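Novice: This one is an experimental structure. Sequence first:
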Amino acid sequence: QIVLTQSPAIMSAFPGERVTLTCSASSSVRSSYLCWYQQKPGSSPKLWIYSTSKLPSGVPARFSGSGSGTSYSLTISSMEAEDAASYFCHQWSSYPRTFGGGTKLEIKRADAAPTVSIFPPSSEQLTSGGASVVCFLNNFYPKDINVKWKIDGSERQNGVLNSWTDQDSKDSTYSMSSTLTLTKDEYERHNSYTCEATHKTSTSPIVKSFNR
Amino acid sequence: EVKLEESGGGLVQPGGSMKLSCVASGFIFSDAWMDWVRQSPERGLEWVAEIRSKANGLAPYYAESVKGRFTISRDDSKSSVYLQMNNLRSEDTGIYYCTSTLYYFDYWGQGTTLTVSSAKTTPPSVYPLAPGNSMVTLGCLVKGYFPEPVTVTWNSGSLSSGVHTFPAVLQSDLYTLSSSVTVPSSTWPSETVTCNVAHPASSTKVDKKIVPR
């Protein structure tokens, strides 16, 4: 089977910069049957380049492709925000048909502080017996960021689950959710709850809090 | 227009069987080659099976990991392609896409999720997230469901900007996610904000209204 290798797996580029993604094949691939798919979050992969270098309808003209034998490449003449997505190379020259591991192409932008929002356990959850405190850190850059919790001033760390979104398509920012799960008893024993966000390259954190 | 409607997904116990169906419309189905592709968090994006047009010999091809257990077939008179799966294993879990190829042009369906697990279908608990400035952020917490996925919209999709729906995380063998929406204060609570949470595997839908505390 023809194994397709896409290195590196993550790549970043400034707006307007020329970008090139590579696809290495273990054995020769006929150029007519080497294609590239683009996938954005929440959507199926779309054929983006066919027959090594040809563009289907709807694909912007700044995209191009080249290569032969075992080495192929996709090129963006000028990186744009809507080009941040996953890209897979694919061959159907020899069966089994195979895909590359994919490359997440992201676009650089200006640093942004996260909008932080904290939410207490709803009464519907308290009726059932649990208590989840939610904290959203929305629209920040870069992706590196830290979050911490405090209960009545005491620093918390256990029972915390985090989830990151992909880079947004319009403002190129990231978002994160931090959920602290506790029992109804433990939540009722305390009153003050605090979620704060800190970027290691900064001192002033963004703090939100509430009282039960 | 070109359309591939997929069905037959859901949860199945290991060793069970299931048939994925794909109904094509908007082209000459008998001229197209049909393919099934799988995308999973642990096996990446992998081709599953292919069946060619009648004029091309109608030959089927299979990936090695499914050869013998999967059978791809097509009914041209019903413009449909099927993937019948026996002895399903945990490795077969993922989003299956039905695709059609005419000339070099390839079209993919939206995909349906197949989950092979011994765990039972569990509907989610949907909890509102109301706060306790010029813009406010509301949310919905979807906790304790199985299997994937759940879909979250806001105000039946009319609230599309400023929406962040986060990937599901695994907690106590169940899935949990949250969705946030940011709106101007002039719109809420003067006008209602409701999250629509759909979990197809349990045939559940919750329309949770975010009332102020």
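Specialist: Arrived safely. Numbers count the residues shown, from 1 in each chain, chains lettered A, B, ... in the order given.

Novice: gap between the two ends of stretch B:59-71?
Specialist: End-to-end span of stretch B:59-71 (Cα to Cα, to the nearest Å): 12 Å.

Novice: Show residues contacting it.
Specialist: Under the contact criterion Cβ atoms under 8 Å, 6 or more residues apart in numbering or on different chains, stretch B:59-71 has outside partners A:95-96, B:46-52, B:72-73, B:83-88, B:91-92. From N, CA and C alone the C-beta is placed, and that goes for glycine too.

Novice: buried ones in it?
Specialist: By neighbour count with 16 or more other Cβ atoms under 10 Å in any protein chain shown, stretch B:59-71 contains the buried residues B:61, B:62, B:63, B:65, B:66, B:70, B:71.

Novice: Same check on stretch A:37-53?
Specialist: Buried residues in stretch A:37-53 (16+ other Cβ under 10 Å): A:37, A:38, A:39, A:44, A:45, A:46, A:47, A:48, A:49, A:50, A:52, A:53.

Novice: contacting residues for residue A:84?
Specialist: Here residue A:84 is in contact with A:105, A:106, A:107, A:167, A:169, A:172 (criterion: Cβ under 8 Å, 6+ apart).

Novice: closest to residue A:152 among the buried residues of stretch B:59-71?
Specialist: For these, the residue nearest residue A:152 by Cβ to Cβ is residue B:65; the value is 53.2 Å.

Novice: any idea how far the closest one lies from residue B:35?
Specialist: Using Cβ to Cβ, to the nearest Å, residue B:65 is found at 16 Å from residue B:35.

Novice: How about residue A:65?
Specialist: 21 Å.

Novice: Repeat that for residue A:52.
Specialist: The value you get for residue A:52 to residue B:35, if Cβ to Cβ is used, is 20 Å.

Novice: Equivalent analysis for residue A:22, please.
Specialist: Residue A:22 is 25 Å from residue B:35, by Cβ to Cβ.

Novice: more neighbours, those two?
Specialist: Taking neighbours as other Cβ atoms under 10 Å in any protein chain shown, residue A:22 and residue B:35 compare with residue B:35 leading, 25 against 17.

Novice: give me phi/psi at the residue nearest to the spatial centre of chain A?
Specialist: Residue closest to the average C-alpha location in chain A (Cα atoms, centre = their mean): residue A:166, at 2.3 Å. Backbone geometry at residue A:166, expressed as degrees, to the nearest 10, gives phi -70, psi 170.

Novice: looking at it, it is touching residue A:42, isn't it?
Specialist: No - the pair residue A:166 / residue A:42 is not scored as a contact, 9.2 Å apart, by Cβ atoms under 8 Å.

Novice: OK, contacts around residue 50?
Specialist: Just so you know, I chose chain A. Residues in contact with residue A:50 (Cβ under 8 Å, 6+ apart) are A:35, A:56, B:104, B:105, B:106.

Novice: my bad, the chain I had in mind was chain B
Specialist: A:95, A:97, B:33, B:34, B:35, B:36, B:60, B:61, B:72.
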